[PDB]
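Quick mapping for you: the protein sequence lines, in order, are chains A and B. For the first sequence, counting from 1, position 3 maps to 79 in this note's numbering; every step adds exactly one. For the second sequence, counting from 1, position 113 maps to 163 in this note's numbering; every step adds exactly one. Here is the structure we will look at, set down as structure tokens.
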Amino acid sequence: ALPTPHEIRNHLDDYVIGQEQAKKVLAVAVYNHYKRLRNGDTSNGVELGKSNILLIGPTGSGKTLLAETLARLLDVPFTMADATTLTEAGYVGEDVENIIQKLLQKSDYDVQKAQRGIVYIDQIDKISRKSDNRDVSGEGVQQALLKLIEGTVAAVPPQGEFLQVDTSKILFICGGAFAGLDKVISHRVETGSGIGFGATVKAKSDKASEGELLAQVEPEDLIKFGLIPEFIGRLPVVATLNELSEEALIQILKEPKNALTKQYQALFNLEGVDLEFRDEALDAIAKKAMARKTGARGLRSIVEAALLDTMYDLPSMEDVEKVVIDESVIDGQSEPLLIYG
Amino acid sequence: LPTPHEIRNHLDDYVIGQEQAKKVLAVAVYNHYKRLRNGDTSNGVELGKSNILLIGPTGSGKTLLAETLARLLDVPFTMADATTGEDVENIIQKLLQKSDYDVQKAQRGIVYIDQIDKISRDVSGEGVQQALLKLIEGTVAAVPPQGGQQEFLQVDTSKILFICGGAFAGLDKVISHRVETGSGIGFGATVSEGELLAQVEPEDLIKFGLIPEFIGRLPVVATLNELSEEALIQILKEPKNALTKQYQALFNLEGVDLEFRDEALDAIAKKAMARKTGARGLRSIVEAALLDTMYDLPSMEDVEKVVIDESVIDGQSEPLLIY
Ligand SMILES: Nc1ncnc2c1ncn2[C@@H]1O[C@H](COP(=O)(O)OP(=O)(O)OP(O)(O)=S)[C@@H](O)[C@H]1O
Ligand SMILES: Nc1ncnc2c1ncn2[C@@H]1O[C@H](COP(=O)(O)OP(=O)(O)O)[C@@H](O)[C@H]1O
């Protein structure tokens, strides 16, 4: 009884911010995974639906973060693979069995402990079907993962005969960033616009928001993207993430220990100078961040773009003990204040 | 070994509201396997195969009839898609995986296709119908056994039955003017669709976009017109693998009781029909509702029963709890 859905959401809140709905979904699926394996196929209900996860969100939304923060809190091992280096037919790039090999290294070759492990994959969009231009990075890779997800056994050389390791009990988290998916959903939901007086006048973009647009997604929508329907059928769960809120970004710069403010703060403390960031400058940065349409990953651009001149002349400058950054410095047409003595 | 009456009852256990479709597949599959038990040894040499064509809305149980039938009959079965230049070899090797790469056992298997109307009106559009013609008549395709020998196994395609599933859009207008009446625009002229589909003929399919050569190979026709609102409730109650029974069984091991009143199930029918997706878009309504309850249920203690009301589906109210 180690995992608690009410507690697992509290722990992720410490390392992740801005995604409340997605955290609830993972707690249910994760709890249902071990609840099932506690009594495997012994209940009266036969043909129980398999529990998997499908993370869908924009860039910098925290998809990769949930996979890492979850493994730290969790006891069973965790792996972080990628679909970009995967090939088929034993080519020079990589094989699907490598994911099972890396799992044992984390578990020290414990099959009983490895079957209860977690799996995570990034950049699932790369394996999306494409028209013929041979195409090895595509449908072929999906077939290997499909038979692997549906439950089977794969030969694994122990320590480098082969060992059989069932996979119907192992969890899989296929997650990545889908590009152009919003356009596909728009065609289905928009259904045109009226032109007369009584018609619903449309502005430039009243629905171009991942939130309220991805929640209405369906499995058939992903088929047009390139994925196989049978592959999606094995993942009934879906997790829709929204673009980070401007207020949420502020919290990322203050509460997390790895905040960019704390990073540059220590960067100048070793140099013998203090640093400060007022609240009026944080919200201003959030306005510029959303305009870039990159997420928290593209937040560092606004910071270094401002402190470029300051850092250039700080080592040469002497007798400077503290630096204060005003809101005008971020908007422009101003210079950060410097403290001497 | 089975009979049309015996197989009808088994199908009834997992499927409901489609009576005519059961008799079609029963006699078809019965006579289909009869040819395998006795081939050209009889006077009737070269017994031809009779393909099957399913027509119904989306989420109308088209896939379940093929999937459930496969479980009942101890033979392999795969699922194909009209989306996948020819790209027809993937369907053969996909079947050998379940059959453990067997020639004779696979040859008696069945295959299902979805969205067959998506190609009717280019190598991915009308070019697919032309290619299938030989596949639905008989041929052999190279399939690497085990992936690799430098050899390939031959697997005929005359013994493998095909079921082209899909949902035709706008077909009702074509048959109305041809058979029932030419109307819809005039004053006196008349402005469920199921009854019309029963009177369907291949001539109407030609105007839809299909090729006559393609339709000739599928003389059998099935009409999965619609699913009733009560049937949806029955779908969650009569089948042993219903989702309502799954969640009930999920909490049985937890030591908590579950309930689902009839006043709450009818609301699910409205949301299903509102999405125009059928039974496929059902878990989204249930899982989205019980997400809150499941999230805090383990944390909560001294709770032996849970009741879900109609308001709970909307989300305005909270599911009643029992201590
Ligand atoms: N919810 C979040 N809360 C706080 N910081 C976040 C959040 N999401 C992203 N970040 C920041 O962005 C960095 C990268 O997070 P990722 O999980 O990689 O974002 P991502 O959208 O998952 O990237 P991809 O495209 O999935 S690889 C983290 O190290 C944080 O600094
Ligand atoms: N008559 C029915 N009885 C029981 N379940 C049904 C029925 N019709 C549809 N379903 C449900 O729908 C799902 C399959 O939908 P499917 O046939 O794949 O939709 P589509 O035909 O649009 O692909 C199954 O999980 C099944 O339980």
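The beta carbon of each residue, even a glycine, is placed where N, CA and C say it ideally should be.
- Take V224/B, set aside five residues on each side of it, and the residues of its chain with a beta-carbon closer than 8 Å to its own are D254, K257, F258, in chain order.
- When only Cα atoms are considered, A165/A and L282/B end up about 45 Å apart.
- If only complete runs of 4 or more residues are kept, the stretch 248-330 of chain B shows the alpha helix (DSSP H) at 252-258, 262-266, 279-287, 293-304, 312-325, in order along the chain.
- Looking at the DSSP output, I132/A bridges to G252/A, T316/A.
- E337/B counts as buried, since at least 16 other C-beta atoms from the protein chains shown sit within 10 angstroms of its C-beta.
- Less than 8 Å separates the beta-carbon of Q249/B from that of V229/B.
- In this structure, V178/B lies away from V190/B, with their beta-carbon atoms at least 8 Å apart.
- Look at which beta carbons fall closer than 5 Å to any heavy atom of ligand 2; those residues are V65/B, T108/B, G109/B, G111/B, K112/B, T113/B, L114/B, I285/B, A329/B, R330/B.
- Around the beta carbon of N318/A, 16 or more other beta carbons lie within 10 angstroms, which makes this residue buried.
- When Cβ pairs closer than 8 Å are counted between the two stretches, the stretch 270-277 of chain A is seen not to touch the stretch 303-311 of chain A, the count staying below three.
- Between the C-alpha atoms of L78/A and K100/A there is a straight-line separation of about 17 Å.
- The beta carbon of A372/A sits closer than 7 Å to the beta carbons of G136, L320, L325, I328 from its chain, once the five residues preceding and following it are set aside; these are given in chain order.
- The Cβ atoms of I372/B and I318/B lie no closer than 8 Å to each other.
- The three-state secondary structure of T140/A, taken from DSSP, is helix.
- For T128/B, the enclosing beta strand (DSSP E) has its first and last residue at 127-129.
- According to the DSSP secondary-structure assignment, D198/A is paired through a beta bridge with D158/A.
- Residues of the stretch 320-344 of chain B whose Cβ lies closer than 9 Å to any Cβ of chain A, in chain order: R325, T327, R330, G331, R333, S334, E337, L340, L341, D342, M344.
- Relative to ligand 1, the beta carbon of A253/A is positioned inside 7 Å of a heavy atom.
- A342/A is classed as exposed because its beta carbon has fewer than 16 other beta carbons within 10 Å across all chains shown.
- Taking a contact to require three or more Cβ pairs closer than 8 Å, the stretch 191-203 of chain A and the stretch 240-255 of chain A qualify as touching.
- At a cut-off of 8 Å between C-beta atoms, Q284/B does not count as an interface residue with respect to chain A.
- Here DSSP, grouped into helix, strand and coil, assigns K355/B to strand.
- The Cβ atoms of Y107/A and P81/A lie closer than 8 Å to each other.
- Contact between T343/B and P369/B holds, with the beta-carbon distance rounding to 6 Å and staying under 8 Å.
- Using a Cβ distance threshold of 8 Å, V65/B and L114/B count as a contacting pair.
- In chain B, no part has a C-beta under 7 Å from the C-beta of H87/A; the shortest such distance is about 14 Å.
- A distance below 8 Å between beta-carbons, with the five flanking residues on each side excluded, links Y297/B to the following residues of its chain, in chain order: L308, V336, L340.
- For the pair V138/B and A143/A, the Cα-to-Cα distance works out to about 38 Å.
- The closest heavy atom of ligand 1 lies less than 7 Å from the beta carbon of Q95/A.
- Taking a Cβ-Cβ cut-off of 7 Å, the neighbours of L303/B in chain A comprise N115, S119, given in sequence order.
- Taking 8 Å as the threshold, the shortest C-beta distance from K206/A to chain B does not fall below it.
- Here DSSP, grouped into helix, strand and coil, assigns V224/B to helix.
- Ligand 1 has no heavy atom closer than 7 Å to the beta-carbon of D201/A.
- Within chain B, no C-beta atom comes nearer than 9 Å to that of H263/A; the closest sits roughly 15 Å away.
- Judged by DSSP secondary structure, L383/A falls outside any beta strand (DSSP E); it is assigned neither H nor E.
- Put simply, the backbone Cα of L293/B is about 17 Å away from that of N128/A.
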